[PDB]
Amino acid sequence: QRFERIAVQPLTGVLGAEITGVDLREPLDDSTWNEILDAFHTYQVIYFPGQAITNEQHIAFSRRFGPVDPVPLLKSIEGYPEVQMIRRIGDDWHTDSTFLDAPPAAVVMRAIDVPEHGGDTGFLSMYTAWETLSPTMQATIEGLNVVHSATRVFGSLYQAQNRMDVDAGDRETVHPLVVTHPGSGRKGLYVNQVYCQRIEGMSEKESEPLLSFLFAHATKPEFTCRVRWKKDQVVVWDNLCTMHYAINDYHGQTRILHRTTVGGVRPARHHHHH
Amino acid sequence: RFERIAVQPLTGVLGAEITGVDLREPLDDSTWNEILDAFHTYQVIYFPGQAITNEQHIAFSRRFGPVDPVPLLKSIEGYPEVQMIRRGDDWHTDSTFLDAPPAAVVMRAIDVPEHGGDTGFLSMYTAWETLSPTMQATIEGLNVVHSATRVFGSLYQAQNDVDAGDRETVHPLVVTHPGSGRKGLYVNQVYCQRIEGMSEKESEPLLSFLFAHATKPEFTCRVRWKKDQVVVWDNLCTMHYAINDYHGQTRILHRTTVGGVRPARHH
Amino acid sequence: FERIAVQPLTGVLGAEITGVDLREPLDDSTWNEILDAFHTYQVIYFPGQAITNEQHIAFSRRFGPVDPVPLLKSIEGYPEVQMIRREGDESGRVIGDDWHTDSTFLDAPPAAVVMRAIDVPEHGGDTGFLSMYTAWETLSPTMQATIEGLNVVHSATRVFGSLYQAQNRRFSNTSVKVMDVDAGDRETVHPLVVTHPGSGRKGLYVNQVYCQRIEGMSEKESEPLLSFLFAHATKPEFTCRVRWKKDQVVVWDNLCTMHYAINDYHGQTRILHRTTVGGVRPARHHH
Amino acid sequence: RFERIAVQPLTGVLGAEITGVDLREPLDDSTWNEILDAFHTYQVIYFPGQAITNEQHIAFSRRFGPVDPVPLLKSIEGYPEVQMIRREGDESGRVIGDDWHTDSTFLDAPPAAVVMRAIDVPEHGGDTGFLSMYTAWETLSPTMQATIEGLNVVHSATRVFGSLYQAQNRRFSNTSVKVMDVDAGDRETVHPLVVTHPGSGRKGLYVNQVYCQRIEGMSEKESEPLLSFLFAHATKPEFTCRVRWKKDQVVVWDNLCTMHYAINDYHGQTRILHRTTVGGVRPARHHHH
Ligand SMILES: O=C(O)CCC(=O)C(=O)O
Ligand SMILES: O=C(O)CCC(=O)C(=O)O
Ligand SMILES: O=C(O)CCC(=O)C(=O)O
Ligand SMILES: O=C(O)CCC(=O)C(=O)O
Ligand SMILES: [Co+2]
Ligand SMILES: [Co+2]
Ligand SMILES: [Co+2]
Ligand SMILES: [Co+2]
C-alpha cells in the first residue's frame with residue numbers, strides 16, 4: 001500500500017517492517033499516526049531505528065496504541081511507573097502474559113544499552129500459522145478453547161523443580177484457540193508452550209498431540225522474522241497475533257531495555273459481529 | 001440370563017469362554033440368540049473342545065452373516081470358504097483398506113503349541129468411551145483414509161498387485177456397530193494413512209495418540225489357543241495382535257471370514 | 001522337574017507350579033526346583049494354596065530376608081504382610097497401572113514379591129508381567145553397546161514427592177500410608193543394564209514410574225532414549241498376563257520383570273496380601 | 001584481527017558480512033588468508049556489492065578448493081560449473097531446500113563449501129537460514145557427547161530423488177532440477193555422527209533430516225528417537241542466523257559445519273541465483289590417524 005508520511009521497508013514476505021522518516025521525540029500528527037497504525041496492523045512487528053527518546057516520550061508514543069497503566073511493578077523505573085526495565089518467558093516461543101484474562105495488546109520496547117552483535121529477537125505471525133492449516137484442520141479446532149496458566153513459570157509446577165505468588169502462578173484462564181484481532185479483524189492462532197496447559201474440556205494427554213503439532217507448525221522458519229537490536233531502536237509488537245523468541249547468544253555482555261505495555265481486552269472469537 | 005449356554009468372561013472389558021454347546025449340531029433359535037448376545041457383549045468369544053468338521057465350521061460361521069464361496073490360494077481343497085492359516089505384530093483389525101472389510105472371523109485351532117502363540121484382543125468400544133466428551137465431539141466427524149500401501153503397495157515396495165495396495169478408501173473415525181448399535185473407534189496403524197482433508201503432518205499426532213490410547217493393557221485381553229478351540233472375533237469393534245513367541249513349532253488354524261457392510265456412523 | 005509340575009504360560013515368561021503344598025516345609029530338592037523355575041520363568045504362580053500368614057512368611061523367607069516396601073499399609077497382627085486393596089466404592093488412583101517394578105527409588109529395591117489372593121473378582125484384576133531379559137536381548141548389538149554403560153536416576157517424585165503433590169490424581173487412604181515429600185524427591189542411581197545376582201543374566205532396568213533422566217544427561221537429552229526403551233520393553237510379545245484365583249500365590253522377580261495392574265473391576269472389592277523380599281544394590285557385575 | 005578486510009558478525013553464533021574487497025580482482029595472499037580465517041570462524045560469510053562475472057565467481061570459488069558440481073541442479077548455459085537455484089513467478093511445486101540440511105550428504109565426499117550469488121532476487125523475501133553444527137555439538141552434555149560420538153549414520157537420497165520420492169506426490173519442477181536416476185537416489189553411504197573439520201580442527205555434529213535414514217547397526221525404530229532429538233536440538237533459533245539477499249551479494253557457506261534452510265515467502269516473484277560448489281574430502285572423525 002501507499003505511505004506518504006513514513007518510509008516502510010518490510011523485513012520478510014510474512015511479517016516485520018522498518019519504519020523511518022519520523023521523530024518519536026515529537027508529537028505525531030493524525031495522518032502520520034494513521035500510517036504507523038496501518039503499518040502495525042499489516043506488518044505486526046515494527047521497528048524504528050535511531051530514536052533517542054526519553055521515558056515520557058516512550059510513554060506518550062505507547063499511549064497512541066491504547067491505554068498504558070500506572071503499574072508500579074517491582075521493575076518500574078523510578079519516576080516513570082509505566083516503564084519497566086528489562087535486564088537479561090524467554091527462549092521458548094511465546095507471547096506475553098497469556099495467563100491473564102486480558103493480556104497486553106502490544107508491547108513497546110526500547111534499546112538502552114545492547115550488544116553490537118547478539119541478542120536478536122525472533123518474531124512470527126499467528127495469522128500465517130492459522131492460514132496455512134488445511135480447511136479440515138481449521139474446522140476441527142476453530143471452536144476449541146485452551147487453558148492458560150503460569151504454573152510452569154512461577155506456580156506449583158515451577159516450585160516442584162528441586163535441584164510472584166504461587167496461587168497467582170496456578171490461576172487458570174481460558175482463551176480461544178483461534179482469536180479475531182479487534183483492530184485488523186483477522187483470525188490468528190493463539191496458543192503457546194509456555195502458558196498453555198490443555199484444551200478446555202480435554203485431559204492433558206488428550207491435548208498434547210494437538211498442542212504439540214500447533215507449536216511445531218507455527219514456528220516453521222518461513223513464518224518467522226528476526227529483528228536485530230541497535231542502541232535507540234524502538235520496537236512495537238502485536239501481543240495477540242505474534243509470538244516471539246529471545247535469543248541468548250551474547251554471554252557476558254550487558255543488555256538493558258525499557259518496556260511499556262499497552263492494555264488489551266479479553267481475546268475473543270469476535271468483538272460483536274461474526 | 002444365559003439359560004442355553006455357559007458364559008465365563010475373560011476380563012472386565014472383553015472376551016468370554018462359551019461352553020455347554022456342541023457345534024457339531026445345528027443350533028436352535030434360543031441357543032443361537034444367546035451366542036449372538038454373548039458375541040455382541042464380549043466381542044471375542046471362544047468355544048473350547050469343539051472337534052468339528054469343515055462343513056460344520058462353515059455352517060456355524062454362516063449364522064453371523066454371509067461367508068463367500070470364493071477360493072483363495074490358501075483355501076482348503078473341497079471347502080473353499082475355509083482357509084488354512086499357517087505361521088500381525090502391530091495392533092490392527094483385518095483388511096480395513098476394503099470398502100467393506102469383514103464383519104467377523106471364525107478361527108479353529110487344528111495343531112498349535114502347548115505354550116506360545118497367544119493372540120491379543122482389545123475393545124474399540126472401550127477405547128472410544130474412555131475419551132473425554134470434548135475430545136469425542138472434536139473428532140467424531142472426522143474420516144480416515146485407509147490403504148494397503150505399506151503392506152503390499154508402493155510404500156512397501158520402496159522399503160523392501162501394487163495398484164490394489166495403493167487404492168484408498170475412507171472410513172469414519174468413529175463407527176456404529178450394525179448389530180450392537182454401539183459406537184467404537186476405528187483406526188489402526190497398519191492401514192490408516194491420514195485424516196481425510198488433512199495433511200500427513202496434521203494427521204499424525206492425532207492418529208498416534210489414538211493408537212497409543214486404544215492399546216493400553218487394561219483395554220485388552222489375551223487368548224490362549226488349545227486344540228479344537230473355536231474363536232470368533234468382531235472385526236469392526238476389536239483389534240488384535242499376533243504374538244510370535246513359538247519359534248520353531250508348527251501352528252495351524254483354519255479360518256472363515258464373515259462379510260460385512262461398509263463401516264458407517266449410522267444405520 | 002521331578003518334585004514339582006511346571007506349566008509355562010507363554011514362550012517368554014510365566015509358569016504355573018503344581019504338586020506342592022505351601023502349608024508344609026519344603027525339602028531341599030523341592031525348593032531347589034522351585035528356585036530353578038523362578039530363575040527361568042521369572043514370574044511363577046501356585047494355584048490352590050490356602051495358607052496362613054506364618055506359612056506365607058516362611059515361604060517368602062526361602063527367597064531372602066523380609067524387607068517391607070515404604071508405601072504400603074501393613075496388615076493388623078503382621079508388619080511383614082502388606083495389603084494391596086481396593087474397595088467396591090473407590091474411584092482414586094489405582095496402585096500400579098503403569099508398567100513398573102517396585103520401589104526402584106530405593107538404593108536397594110526388593111528382589112522379589114510374594115503375593116496371595118484373599119478376595120478377588122471372578123473376572124477382572126489381572127496383572128501383566130514382562131521380561132526385561134527379553135527386552136534387553138532384542139536390542140541390536142549397536143544399541144546395546146551404546147547404552148550398556150549408562151546409569152539412570154530414579155525417584156518417587158511422581159508417586160509421593162513434589163510432582164505428585166503438584167497434580168490432582170490422588171491415591172486413596174485405603175492401602176497407602178501418609179508419606180514424606182523429601183523422601184519422594186530423593187534420587188538414587190541404578191545401572192541401565194543390570195546383572196541378576198542369581199541367574200547371572202543381563203536385563204534392562206528402566207521404568208516410566210520412577211525414572212527421571214539418564215545420569216549426566218538433561219531430561220530433554222534423556223527423553224528420547226527413555227521413551228524408546230519404555231515402548232520397546234512393553235511390546236505384547238515380551239509380556240504375559242496372570243489371572244488371580246482365590247488362594248493363588250504369585251512370586252515375581254522384582255529385578256528382571258516389570259508388572260502392570262489392570263483395573264477393569266470398577267465396583268468390586270479386591271484384596272491381596274503381600275510380602276516383600278529384600279535385595280542388594282542393582283549392579284552391572286557381582287564380579 | 002583484520003587489516004585487509006572489514007568483518008561485521010551477524011550474530012553471536014555464526015555469520016559475517018565482509019566488506020572492503022573487490023572480488024572482480026585477484027586477491028593477494030594476506031587478503032585471502034583473512035577471508036579464510038573469517039570463513040573458518042564465522043562459517044557463513046557474505047559480500048554485499050559484488051557485480052562479478054562467471055569467470056570471476058569461478059576463480060574466487062577455486063581459492064576454497066576444486067570445483068565439483070552437485071548432482072541435482074541444472075548448469076547455466078555457457079558454464080557447466082555454475083548451477084542455478086531458480087524459482088519462477090508462476091511456480092507452485094516443491095521448493096528446493098525447505099528443510100534444514102546440508103548439501104548432498106548422500107555422497108561419499110560431499111561438498112566442502114558453496115558460493116552462491118544473487119542474480120535477480122525479491123526486494124523482501126527469500127532469506128536463507130543458516131546454523132552452526134559446532135554450536136549444536138558443543139551444547140550437548142559431556143555424557144551425551146560421549147554416548148553418541150562413536151556412532152555412524154547411513155545417508156541416502158531416497159526421499160529426494162530415489163524410491164521414497166517416487167512413491168510420494170510432492171514434486172520438484174523441471175525448472176532448476178535435472179532428471180535423475182532412482183538407483184543413485186537409493187545408494188547408501190555412511191558418515192560419522194560427529195566430524196572433525198579438516199581446516200579448523202573443530203568437531204561438529206553431522207546429521208540432517210533430508211538424507212539421514214538410520215544409525216549404522218541400529219533398526220529404524222532404535223534410530224528415530226536419537227535422530228529426531230538431534231534434529232530438534234541443532235535447529236533451535238539461538239544456533240541460527242538469517243541471511244537477507246541483495247542483488248550481487250555473494251555468500252559462501254561451509255557445507256560441513258553448517259546447515260541451511262530456504263525460506264519461501266515470495267510466492268509470485270522470480271528468484272534466481274547462481275552457484276558454484278567446492279569439492280571436499282570424506283567426512284571423518286580425525287585427519288591425523
Ligand atoms: O528480550 C526480548 O527481546 C523480549 C523478551 C521477552 O520474551 C519479553 O519481555 O516478552
Ligand atoms: O493370531 C491370529 O490369529 C491373528 C492373525 C492376524 O493378525 C490377521 O488376521 O491379520
Ligand atoms: O494390583 C496388582 O495387580 C499389582 C499392583 C502392584 O503394582 C504391586 O503390588 O506392586
Ligand atoms: O534457495 C535457497 O535459499 C537455498 C537452497 C538450497 O538448499 C541450496 O541452494 O542448496
Ligand atoms: Co516475552
Ligand atoms: Co489380523
Ligand atoms: Co508394583
Ligand atoms: Co541446500
# chains A, B, ... in the order shown; residues from 1 in each chain; ligands from 1
>>> select_by_dssp(residues="range 2-115 of chain D", states="strand (DSSP E or B)", output="JSON, numbers by chain")
{"D": [6, 7, 8, 9, 16, 17, 18, 19, 44, 45, 46, 47, 67, 73, 75, 76, 79, 80, 81, 82, 83, 84, 85, 86, 87, 94, 101, 113, 114, 115]}
>>> residues_around(residues="range 62-66 of chain A", least_positions_apart="3", cutoff="7 Å", atoms="only C-alpha atoms", output="ChimeraX atom specification")
/A:58-59,108,260,262-263
>>> residues_around(residues="range 79-96 of chain B", least_positions_apart="4", cutoff="6 Å", atoms="only C-alpha atoms", output="PyMOL selection string")
chain B and resi 69+71+74-75+101+188+235+239-242+251-256
>>> interface_residues(of="chain C", to="chain B", cutoff="9 Å", atoms="only C-alpha atoms", output="PyMOL selection string")
chain C and resi 7-12+97+122-126+128+236-238+240-241+243+260-266
>>> write_last_selection(atoms="N, CA and C atoms", output="compact mmCIF listing (two decimals), in the first residue's frame")
# COMPACT_ATOMS: atom_id res chain seq x y z
N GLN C 7 4.09 -75.69 34.31
CA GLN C 7 3.37 -75.46 33.01
C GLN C 7 3.60 -74.00 32.54
N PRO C 8 4.53 -73.76 31.60
CA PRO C 8 4.78 -72.40 31.15
C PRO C 8 3.54 -71.71 30.57
N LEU C 9 3.44 -70.43 30.83
CA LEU C 9 2.30 -69.64 30.45
C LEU C 9 2.43 -69.10 29.02
N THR C 10 3.63 -68.80 28.57
CA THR C 10 3.92 -68.24 27.23
C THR C 10 5.31 -68.71 26.83
N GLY C 11 5.76 -68.30 25.66
CA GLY C 11 7.13 -68.57 25.20
C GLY C 11 8.16 -67.64 25.80
N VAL C 12 7.77 -66.66 26.63
CA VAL C 12 8.74 -65.70 27.13
C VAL C 12 8.94 -65.75 28.62
N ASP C 97 -0.76 -49.02 37.89
CA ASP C 97 -1.29 -49.01 36.48
C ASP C 97 -0.47 -48.23 35.39
N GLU C 122 -14.25 -62.47 40.16
CA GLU C 122 -14.35 -63.67 39.38
C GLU C 122 -13.77 -63.46 37.96
N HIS C 123 -13.94 -62.25 37.43
CA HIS C 123 -13.26 -61.82 36.19
C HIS C 123 -12.88 -60.35 36.32
N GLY C 124 -11.66 -60.04 35.96
CA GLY C 124 -11.06 -58.74 36.25
C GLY C 124 -9.91 -58.81 37.19
N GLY C 125 -9.11 -57.73 37.21
CA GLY C 125 -7.98 -57.63 38.11
C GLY C 125 -6.75 -58.44 37.78
N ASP C 126 -6.58 -58.81 36.51
CA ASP C 126 -5.33 -59.46 36.11
C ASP C 126 -4.13 -58.55 36.39
N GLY C 128 -0.46 -57.83 34.51
CA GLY C 128 0.55 -58.02 33.45
C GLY C 128 1.95 -58.14 33.99
N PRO C 236 3.67 -56.42 23.39
CA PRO C 236 2.93 -57.55 23.91
C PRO C 236 3.67 -58.89 23.90
N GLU C 237 4.49 -59.12 22.89
CA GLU C 237 5.20 -60.38 22.85
C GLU C 237 6.25 -60.59 23.94
N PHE C 238 6.58 -59.55 24.73
CA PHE C 238 7.53 -59.69 25.83
C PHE C 238 6.83 -59.89 27.17
N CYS C 240 3.32 -61.40 29.69
CA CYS C 240 2.31 -62.40 29.97
C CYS C 240 1.25 -61.74 30.82
N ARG C 241 0.15 -62.43 31.03
CA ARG C 241 -0.97 -61.89 31.79
C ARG C 241 -1.44 -62.97 32.78
N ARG C 243 -3.96 -64.30 35.64
CA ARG C 243 -5.30 -64.22 36.21
C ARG C 243 -5.23 -64.65 37.66
N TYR C 260 2.11 -54.69 35.72
CA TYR C 260 1.08 -53.74 35.36
C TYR C 260 -0.25 -54.16 35.95
N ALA C 261 -0.84 -53.32 36.79
CA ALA C 261 -2.12 -53.63 37.44
C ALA C 261 -3.27 -53.22 36.56
N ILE C 262 -4.13 -54.16 36.25
CA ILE C 262 -5.29 -53.89 35.37
C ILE C 262 -6.52 -53.58 36.21
N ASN C 263 -7.08 -52.40 36.01
CA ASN C 263 -8.27 -52.00 36.72
C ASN C 263 -9.48 -52.05 35.80
N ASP C 264 -10.04 -53.23 35.69
CA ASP C 264 -11.27 -53.45 34.87
C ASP C 264 -12.36 -54.09 35.77
N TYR C 265 -12.35 -53.77 37.05
CA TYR C 265 -13.28 -54.30 38.02
C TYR C 265 -13.90 -53.19 38.87
N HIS C 266 -14.15 -52.03 38.30
CA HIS C 266 -14.85 -50.90 38.96
C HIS C 266 -16.05 -51.49 39.71
>>> residues_around(residues="range 43-45 of chain B", least_positions_apart="3", cutoff="6 Å", atoms="only C-alpha atoms", output="count of residues only")
9
>>> residues_around(residues="residue 136 in chain A", least_positions_apart="5", cutoff="12 Å", atoms="only C-alpha atoms", output="PDB file with N, CA and C atoms, in the first residue's frame")
ATOM      1  N   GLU A 131      -3.512 -19.652   8.716  1.00  0.00           N
ATOM      2  CA  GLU A 131      -3.921 -19.638   7.299  1.00  0.00           C
ATOM      3  C   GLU A 131      -3.273 -20.743   6.497  1.00  0.00           C
ATOM      4  N   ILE A 141     -10.578 -27.507  14.824  1.00  0.00           N
ATOM      5  CA  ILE A 141     -10.084 -26.870  16.055  1.00  0.00           C
ATOM      6  C   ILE A 141     -10.596 -25.458  16.324  1.00  0.00           C
ATOM      7  N   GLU A 142     -11.264 -24.874  15.353  1.00  0.00           N
ATOM      8  CA  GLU A 142     -11.707 -23.462  15.439  1.00  0.00           C
ATOM      9  C   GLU A 142     -12.553 -23.169  16.692  1.00  0.00           C
TER      10      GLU A 142
ATOM     11  N   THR B 138     -14.898 -33.429  19.317  1.00  0.00           N
ATOM     12  CA  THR B 138     -13.947 -32.784  18.414  1.00  0.00           C
ATOM     13  C   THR B 138     -13.594 -33.649  17.226  1.00  0.00           C
ATOM     14  N   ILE B 139     -13.514 -34.956  17.419  1.00  0.00           N
ATOM     15  CA  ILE B 139     -13.011 -35.840  16.343  1.00  0.00           C
ATOM     16  C   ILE B 139     -14.079 -36.758  15.735  1.00  0.00           C
ATOM     17  N   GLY B 141     -16.632 -36.400  13.866  1.00  0.00           N
ATOM     18  CA  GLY B 141     -16.952 -36.143  12.463  1.00  0.00           C
ATOM     19  C   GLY B 141     -15.805 -36.357  11.494  1.00  0.00           C
ATOM     20  N   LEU B 142     -14.621 -36.758  11.948  1.00  0.00           N
ATOM     21  CA  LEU B 142     -13.519 -36.947  11.043  1.00  0.00           C
ATOM     22  C   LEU B 142     -13.623 -38.302  10.320  1.00  0.00           C
ATOM     23  N   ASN B 143     -13.066 -38.380   9.120  1.00  0.00           N
ATOM     24  CA  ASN B 143     -12.918 -39.634   8.421  1.00  0.00           C
ATOM     25  C   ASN B 143     -11.457 -39.857   8.171  1.00  0.00           C
ATOM     26  N   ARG B 194      -3.923 -41.087   6.887  1.00  0.00           N
ATOM     27  CA  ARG B 194      -4.150 -39.687   7.224  1.00  0.00           C
ATOM     28  C   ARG B 194      -5.605 -39.472   7.437  1.00  0.00           C
ATOM     29  N   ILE B 195      -5.924 -38.328   8.031  1.00  0.00           N
ATOM     30  CA  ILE B 195      -7.280 -37.918   8.173  1.00  0.00           C
ATOM     31  C   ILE B 195      -7.698 -37.261   6.847  1.00  0.00           C
ATOM     32  N   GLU B 196      -8.878 -37.626   6.350  1.00  0.00           N
ATOM     33  CA  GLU B 196      -9.412 -37.084   5.123  1.00  0.00           C
ATOM     34  C   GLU B 196      -9.522 -35.545   5.261  1.00  0.00           C
ATOM     35  N   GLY B 197      -8.833 -34.880   4.356  1.00  0.00           N
ATOM     36  CA  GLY B 197      -8.835 -33.459   4.243  1.00  0.00           C
ATOM     37  C   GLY B 197      -7.587 -32.861   4.870  1.00  0.00           C
ATOM     38  N   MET B 198      -6.835 -33.652   5.642  1.00  0.00           N
ATOM     39  CA  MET B 198      -5.703 -33.138   6.369  1.00  0.00           C
ATOM     40  C   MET B 198      -4.427 -33.581   5.697  1.00  0.00           C
ATOM     41  N   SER B 199      -3.342 -32.856   5.964  1.00  0.00           N
ATOM     42  CA  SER B 199      -2.017 -33.328   5.569  1.00  0.00           C
ATOM     43  C   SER B 199      -1.580 -34.424   6.548  1.00  0.00           C
ATOM     44  N   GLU B 202      -0.504 -32.925   9.819  1.00  0.00           N
ATOM     45  CA  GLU B 202      -1.700 -32.621  10.616  1.00  0.00           C
ATOM     46  C   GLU B 202      -2.254 -33.838  11.253  1.00  0.00           C
ATOM     47  N   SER B 203      -2.183 -34.962  10.549  1.00  0.00           N
ATOM     48  CA  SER B 203      -2.929 -36.158  10.937  1.00  0.00           C
ATOM     49  C   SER B 203      -2.197 -36.990  11.977  1.00  0.00           C
TER      50      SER B 203
END
>>> interface_residues(of="chain D", to="chain B", cutoff="12 Å", atoms="only C-alpha atoms", output="VMD selection string")
chain D and resid 158 to 159 162 to 170 182 to 183 185 to 186 213 220
>>> write_last_selection(atoms="N, CA and C atoms", output="CSV table (one decimal), in the first residue's frame")
chain,number,residue,atom,x,y,z
D,158,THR,N,17.2,-41.2,-1.0
D,158,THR,CA,16.0,-41.9,-1.3
D,158,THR,C,14.7,-40.9,-1.3
D,159,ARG,N,14.7,-40.0,-0.3
D,159,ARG,CA,13.5,-39.1,-0.2
D,159,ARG,C,13.5,-37.9,-1.1
D,162,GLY,N,15.1,-40.8,-5.0
D,162,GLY,CA,15.1,-42.2,-5.0
D,162,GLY,C,13.7,-42.8,-4.9
D,163,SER,N,13.6,-44.0,-4.4
D,163,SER,CA,12.3,-44.7,-4.4
D,163,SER,C,11.2,-44.0,-3.5
D,164,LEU,N,11.6,-43.5,-2.3
D,164,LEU,CA,10.6,-42.9,-1.4
D,164,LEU,C,10.1,-41.6,-2.1
D,165,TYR,N,10.9,-40.8,-2.7
D,165,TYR,CA,10.5,-39.7,-3.5
D,165,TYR,C,9.4,-40.1,-4.6
D,166,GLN,N,9.8,-41.1,-5.4
D,166,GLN,CA,8.9,-41.6,-6.5
D,166,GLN,C,7.6,-42.1,-5.9
D,167,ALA,N,7.6,-42.8,-4.7
D,167,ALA,CA,6.4,-43.2,-4.1
D,167,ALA,C,5.4,-42.1,-3.5
D,168,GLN,N,5.8,-40.8,-3.5
D,168,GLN,CA,5.0,-39.7,-2.9
D,168,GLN,C,4.7,-38.7,-4.0
D,169,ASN,N,3.7,-37.8,-3.6
D,169,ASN,CA,3.1,-36.8,-4.6
D,169,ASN,C,3.7,-35.3,-4.6
D,170,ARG,N,4.5,-34.9,-3.6
D,170,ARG,CA,5.1,-33.6,-3.6
D,170,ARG,C,6.3,-33.5,-4.6
D,182,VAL,N,17.0,-43.3,-10.1
D,182,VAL,CA,16.5,-43.9,-8.9
D,182,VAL,C,17.5,-44.7,-8.1
D,183,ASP,N,18.3,-45.5,-8.7
D,183,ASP,CA,19.3,-46.3,-8.1
D,183,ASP,C,20.3,-45.4,-7.4
D,185,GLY,N,19.6,-42.5,-6.3
D,185,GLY,CA,18.8,-41.9,-5.2
D,185,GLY,C,18.8,-42.8,-3.9
D,186,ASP,N,18.8,-44.1,-4.2
D,186,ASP,CA,18.8,-45.2,-3.1
D,186,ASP,C,20.2,-45.6,-2.6
D,213,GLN,N,19.0,-41.7,7.2
D,213,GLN,CA,18.0,-42.8,7.3
D,213,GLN,C,18.0,-43.5,8.6
D,220,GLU,N,15.5,-48.9,12.5
D,220,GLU,CA,14.9,-47.6,12.3
D,220,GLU,C,14.2,-47.2,13.5
>>> interface_residues(of="chain A", to="chain D", cutoff="8 Å", atoms="only C-alpha atoms", output="short mmCIF file (atom, residue, chain, number, x, y, z; two decimals) with C-alpha atoms, in the first residue's frame")
data_model
loop_
_atom_site.label_atom_id
_atom_site.label_comp_id
_atom_site.auth_asym_id
_atom_site.auth_seq_id
_atom_site.Cartn_x
_atom_site.Cartn_y
_atom_site.Cartn_z
CA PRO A 10 9.32 -4.82 5.01
CA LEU A 11 11.70 -7.27 6.56
CA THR A 12 10.26 -10.51 5.02
CA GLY A 13 7.27 -11.74 2.99
CA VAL A 14 5.39 -12.63 6.19
CA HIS A 117 26.03 -8.37 17.73
CA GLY A 118 23.85 -10.92 19.52
CA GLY A 119 20.54 -10.59 21.33
CA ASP A 120 18.21 -10.70 18.37
CA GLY A 122 12.63 -13.79 16.73
CA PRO A 221 11.19 -20.65 9.80
CA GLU A 222 9.17 -19.35 6.89
CA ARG A 226 14.49 -11.95 13.08
CA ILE A 247 17.98 -15.29 21.57
CA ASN A 248 20.68 -15.57 24.23
CA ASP A 249 23.92 -15.63 22.21
CA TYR A 250 25.64 -12.70 23.98
#
>>> residues_around(residues="residue 41 in chain D", least_positions_apart="2", cutoff="10 Å", atoms="only C-alpha atoms", output="CSV table (one decimal) with N, CA, C and O atoms, in the first residue's frame")
chain,number,residue,atom,x,y,z
D,13,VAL,N,26.6,-16.4,17.1
D,13,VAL,CA,27.0,-17.8,16.9
D,13,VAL,C,27.7,-18.0,15.5
D,13,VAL,O,28.6,-18.8,15.5
D,14,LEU,N,27.1,-17.5,14.5
D,14,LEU,CA,27.7,-17.6,13.2
D,14,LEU,C,27.2,-16.5,12.3
D,14,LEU,O,26.2,-15.8,12.5
D,15,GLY,N,27.9,-16.3,11.1
D,15,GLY,CA,27.6,-15.4,10.1
D,15,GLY,C,28.4,-14.1,10.2
D,15,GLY,O,28.5,-13.6,11.3
D,16,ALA,N,28.9,-13.6,9.0
D,16,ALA,CA,29.5,-12.3,9.0
D,16,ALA,C,29.5,-11.7,7.6
D,16,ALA,O,29.6,-12.4,6.6
D,35,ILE,N,40.2,-13.7,4.7
D,35,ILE,CA,38.9,-14.2,4.3
D,35,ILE,C,38.8,-15.7,4.7
D,35,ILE,O,37.7,-16.0,5.2
D,36,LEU,N,39.8,-16.5,4.6
D,36,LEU,CA,39.8,-17.9,5.1
D,36,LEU,C,39.6,-18.0,6.6
D,36,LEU,O,38.8,-18.8,7.0
D,37,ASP,N,40.3,-17.1,7.3
D,37,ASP,CA,40.2,-17.0,8.8
D,37,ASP,C,38.7,-16.8,9.1
D,37,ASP,O,38.1,-17.4,10.0
D,38,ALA,N,38.1,-15.8,8.5
D,38,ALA,CA,36.8,-15.3,8.7
D,38,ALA,C,35.8,-16.5,8.4
D,38,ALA,O,34.9,-16.7,9.1
D,39,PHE,N,36.0,-17.2,7.3
D,39,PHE,CA,35.2,-18.3,6.9
D,39,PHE,C,35.3,-19.4,7.9
D,39,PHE,O,34.2,-20.0,8.3
D,43,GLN,N,31.8,-19.2,9.5
D,43,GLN,CA,31.1,-20.4,8.9
D,43,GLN,C,30.2,-20.1,7.7
D,43,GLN,O,30.0,-20.9,6.8
D,44,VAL,N,29.5,-19.0,7.8
D,44,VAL,CA,28.8,-18.5,6.6
D,44,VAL,C,29.2,-17.0,6.5
D,44,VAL,O,29.2,-16.2,7.5
D,45,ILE,N,29.7,-16.6,5.3
D,45,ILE,CA,30.1,-15.2,5.1
D,45,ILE,C,29.5,-14.7,3.8
D,45,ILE,O,29.3,-15.4,2.9
D,200,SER,N,39.5,-26.2,10.3
D,200,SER,CA,39.5,-25.6,11.6
D,200,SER,C,39.9,-26.6,12.7
D,200,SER,O,40.2,-26.1,13.8
>>> interface_residues(of="chain A", to="chain B", cutoff="10 Å", atoms="only C-alpha atoms", output="number ranges by chain")
A: 133-141, 143-144, 199-203, 205-214, 217
>>> interface_residues(of="chain C", to="chain A", cutoff="9 Å", atoms="only C-alpha atoms", output="PyMOL selection string")
chain C and resi 161-163+165-167+185
>>> write_last_selection(atoms="N, CA, C and O atoms", output="CSV table (one decimal), in the first residue's frame")
chain,number,residue,atom,x,y,z
C,161,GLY,N,6.2,-37.6,45.9
C,161,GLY,CA,7.1,-36.4,46.1
C,161,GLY,C,6.4,-35.1,45.6
C,161,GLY,O,5.2,-35.1,45.4
C,162,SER,N,7.2,-34.2,45.2
C,162,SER,CA,6.7,-32.9,44.8
C,162,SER,C,5.8,-32.9,43.5
C,162,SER,O,4.9,-32.1,43.4
C,163,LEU,N,6.2,-33.7,42.5
C,163,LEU,CA,5.4,-33.7,41.3
C,163,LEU,C,4.0,-34.3,41.5
C,163,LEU,O,3.1,-33.9,41.0
C,165,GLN,N,2.4,-34.1,44.5
C,165,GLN,CA,1.7,-33.0,45.2
C,165,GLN,C,1.2,-31.9,44.3
C,165,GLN,O,0.1,-31.4,44.4
C,166,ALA,N,2.0,-31.6,43.3
C,166,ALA,CA,1.6,-30.6,42.3
C,166,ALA,C,0.5,-31.0,41.3
C,166,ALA,O,0.0,-30.2,40.6
C,167,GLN,N,0.0,-32.2,41.3
C,167,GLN,CA,-1.1,-32.7,40.3
C,167,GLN,C,-2.3,-33.2,41.2
C,167,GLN,O,-2.2,-33.4,42.4
C,185,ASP,N,11.2,-37.2,46.7
C,185,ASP,CA,12.1,-36.5,45.8
C,185,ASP,C,13.5,-37.0,45.8
C,185,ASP,O,14.3,-36.7,44.9
>>> interface_residues(of="chain D", to="chain C", cutoff="7 Å", atoms="only C-alpha atoms", output="PyMOL selection string")
chain D and resi 141+143-144+147+217-218+225-226+229
>>> residues_near_ligand(ligand="ligand 7", cutoff="10 Å", atoms="only C-alpha atoms and all ligand atoms", output="MDAnalysis selection string")
chainID C and resid 84 95:103 113 127 254 258:261
